[PDB]
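Let us start with two forms of the same protein chain, each given on its own as C-alpha cells and named structure 1 and structure 2.
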Structure 1
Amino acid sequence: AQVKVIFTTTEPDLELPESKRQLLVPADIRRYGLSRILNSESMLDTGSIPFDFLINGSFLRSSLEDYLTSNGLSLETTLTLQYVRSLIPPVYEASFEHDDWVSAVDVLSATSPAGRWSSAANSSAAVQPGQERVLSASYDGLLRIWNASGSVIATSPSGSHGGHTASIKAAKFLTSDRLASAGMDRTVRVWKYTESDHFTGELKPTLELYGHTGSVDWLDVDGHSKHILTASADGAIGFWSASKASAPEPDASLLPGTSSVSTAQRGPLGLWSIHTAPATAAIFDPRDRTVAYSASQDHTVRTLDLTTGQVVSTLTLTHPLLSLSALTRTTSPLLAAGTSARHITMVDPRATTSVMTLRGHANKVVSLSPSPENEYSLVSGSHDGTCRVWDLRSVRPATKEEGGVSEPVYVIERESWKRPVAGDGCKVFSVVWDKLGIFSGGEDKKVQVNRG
C-alpha cells in the first residue's frame, strides 16, 4: 500500500526542478517523514530544515492515507503537496519594564529598515551584530533607547526640556542617527541620537512639527528619501520632512501661544484630510516611495499619491479599520487591514473583493508587521492582550459568515498574567517583527520579546 505524491512550493530558494515526481510510503507518514524526505541528499540537500505541508490550502496534521481515507478519496490518486518552511516557535525570552503603558516599539538592526537605510551612503553607522537598539515610546511622554540585552542607554528629555508635552502614540527609527515620534501634543518630533563610548546616549529634539489638529495615532518613516507620514484622529494624513533644511513654516495658530530651550518649529510639506472618520494608519509603499496607503475608521483604505495631493484609489471595507501594513507580493503589494471587528482583511489595492480574512483575534487589531524571512507570513497584535502569527498559505472556505479564511499558526500571550476579559491590563498596542524578533509593547507596561 504505497501512495504517489507531488511537491509544490512558494518558497523562492527551495525547489526541485524535475524532482517534484515522487512515490512514497504512506505508513505512519506525517510532517516528520516527508520533511526528512525533502531534506534528503536526493532532493533539497538542506538536511536540517523543518517543513510543513499544505494539501489544497490546508496543513496536514494527520497520516497521509488516513487523510485520503477520511475524505473518501481513492488510494492510488496523487496528492499535490505544497511545502513551506515551518515557523520556528517564538517562545518567551525577555521583558523591558516601563513605568507606564508602552505605546510604540521599533528595532534598529542590520536587517531592520533603519539599519539598511543607515548602512547605505552612511552619514550614519551601519549597525554591528553586537549593537542592536530597541526604541520604546510610552504614555509617560518618554522615548527610551534599549539595549539588545534590555538595558536603558538613553531616555528622551523631560517635559519642559523639549520632549513631548503629552503621551507619545507612535515612534520609529528613520536612521541610526535620527528617530521620529508623534503623540497627543499634536506634534511630530524629530530627534538626533548620539551614543557615548560607555553606554549612555542623548536624544536631542531636532524638529517640532505642527500640522495636525488632533492626536497623531500613526507614524511611518522612510530613511532614504528622508520622509515621514502620519495618520491622525482629525481624519488627516500628514506628509513631513525630518530635515530643518527643507521645511515649510508652521501654521502658527497650532503653536503653544516649559520654554527652557528652543528647537526649530516647522510645518508639513503636505497635509490632506481624506477621511470622514479618524485616520488610523498611514504607510509608505514598500517599493514606490511616492505612493502611500491610508486606513481609517470610515472603512476606507486609500491609495494616495504623495507627488500630488491626489488620492488615486479608494477601497471600502465592511468595518472601521484600526491598522494597516503592506506585504510585498507582482510590482504592487498586498495590504493587511486590522479591524475593530477583530478580523484582518487581506486587500489588493490593484484593479472590492477580499482575498482572505484572518480570523480568531478576540478584540481590536491595533498593530501589524510582516515577517522578516518568509513573507507569506505576518504578525498581528491586538487589544485582547495577544500577538498572533499568521501564514497566508493556510486558507479555508468561509462557513457562517463569508471568500476564504486563515486561522492563526501561532499565539503569543502576555507572560505578565484565564486570559482577562476584554483587554483588561493586557492590551497590546504595538508589535514589530525583526530577526531578533517579535517585540510587543502594551498596557501591561512592558516590551515583551519572543524568538526561537
Structure 2
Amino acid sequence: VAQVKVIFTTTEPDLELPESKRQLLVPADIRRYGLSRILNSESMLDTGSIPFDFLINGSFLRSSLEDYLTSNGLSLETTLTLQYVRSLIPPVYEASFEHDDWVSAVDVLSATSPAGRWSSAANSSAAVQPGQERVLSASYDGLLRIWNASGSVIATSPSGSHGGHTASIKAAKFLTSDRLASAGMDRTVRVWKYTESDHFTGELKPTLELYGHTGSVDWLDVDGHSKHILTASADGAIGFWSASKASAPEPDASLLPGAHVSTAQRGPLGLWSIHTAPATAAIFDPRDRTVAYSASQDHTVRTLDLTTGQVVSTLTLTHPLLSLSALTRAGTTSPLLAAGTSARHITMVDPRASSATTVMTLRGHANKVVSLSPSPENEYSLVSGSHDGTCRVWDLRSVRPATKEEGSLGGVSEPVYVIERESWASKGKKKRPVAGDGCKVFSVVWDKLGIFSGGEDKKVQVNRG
C-alpha cells in the first residue's frame, strides 16, 4: 500500500504533539477524517472527539493525500507539512421566529454581546442575566419586536399612529439592555427606551426622533458607551448622531412631518454627503471610537474622522459595496474589513492602503452580499448573509490562489459551512430558488447564543451547534 510522508504542526496551544510523534508515514489515500482520527487517538493527542482540519501551504485539505500530490504535480516522496486546526462546530437549525412580513434586521442582547458589555458598566443600564437573552427583530411592516430565546414575543413597538415608525424599518440595534435604535424608509432614526416587567411582558417607548437624511436610512451602527449612532443612507450621506437627549441638537425643520416648503425631534451631530451613490454601510472602528468606515454603491470604502467630518482616506474597489464589517485582531490597532459586494463576493481590505491591491476574496454566494458578522469566538472567521437565501461561514486561515476565472489576482477563500434557509431546506427539493425568490437573507448576527438570520421568508432563523 502506498505511503505519504507527513509532518504535523499546530498553533493550538493545548494540542502540541511530542517531537518524536510529529513526523509520520500515513496511507497515501488517507483523508481529513482518517488524519483527524490519528491525532485524536491515545498514542497521539488523546483528545478522542475533536474534529480537525488540515492546512497545507495555506489551504485546507479537502482530498486524499495521494490526490493532493497529483493535483499539485508533486513527487510521491514529497513530504507534506500539515498544520492541524480545530474545525468549526456545525451550527445546525434550531428554531424560527415567525413574522407576518419581511424581516429587515436582527440583533442580539446577551451578556457577551456589544450591548451586554456596554450594559455591564451598569451605568443606568442593568446587566444582562444569563438565560435572559433577548433577540431584536425589525420588519418591513414598520414594527420592532423583542423575543426571548425560546421564541415568544415579549414586546412590540407602537405603530405610526402612536409615535412609532411610519414606514418599513430597514435597520435596528440594541445600545444597551434598555436602549435601542432603529431606522428606515421614513428617513428617521428612532431611539427607544425598553422596559420589562414579568419576564414575558415589555414596553418600547420612543425617546428621540432623529431627522437629517433625505432618503431611506438603510444601515446603522451603535456605540452604547458614548451613546452614539452612525447611519448610511440612500441619499449617499453618512450620519453621526447622539442617542441621548442631553446632546442631540435641534432638527432641520424642513425635514419634519407636516413641514411647509410627543417625542423630542432632533438633528445629527454631523451629516456628510461623501458618496456619489447610495451609502450602504457605516461602522465604528472597534478599537478607536472617534473613527468610522463607510461603504457605498460608488465602489468606495472611506475612512472618516468623527471629530471633524473629514474623509481621511478613500479606497476604490472594483464593485458596488453593500455591506461592511470590522474584524478585531490581537496585536493590531487597525481592523481588517470585510466588504460584501453586489457582485456576489466579499472583499477583505485594510482601510489604510492604496486602492491597487497594496488582497483576498471570499467566493461562494450566488447573489448580493448584504450582511456580515464577525465570529465572537475568534478573529479569523465570520458569517455573511446574502440575497441567495444562505448564510455562509468563512475561515480566513484558508486561502488558495485565484483561478483565471476569478481574475487570477489575489487569494480566494471558500466557505467552511453553508447555512441554508430552513423554510426551503425542509421542502426536500434539490433545486435552490432562483434570484432569492421568497428567501433572501437581509440580516445576520453571530452571538455566543448562536447565529440569527432574518429575511424575506418572514422568519428569524436560529442556527447553533
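C-alpha atoms forming the largest set that superposes within 1.5 Å between two forms make up the rigid core. Residue numbering: sequential along structure 1, first residue numbered 1.
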(request) Determine whether residue 414 and residue 331 are assigned to the same rigid part when the chain is split into two bodies between the two structures. (result) yes
(message) Superposing the larger rigid part on its C-alpha atoms, how much does the smaller part rotate between the two structures? Whole degrees, please.
(response) 25
(request) Give the C-alpha shift of residue 211 between the two structures, in Å, after superposing the two forms on their rigid core. (result) 0.7
(request) May I ask for the C-alpha shift of residue 26 between the two structures, in Å, based on superposition of the rigid core? (result) 6.1
(request) Determine, in Å, the CA shift of residue 55 between the two structures after the rigid core is used for superposition. (result) 1.4
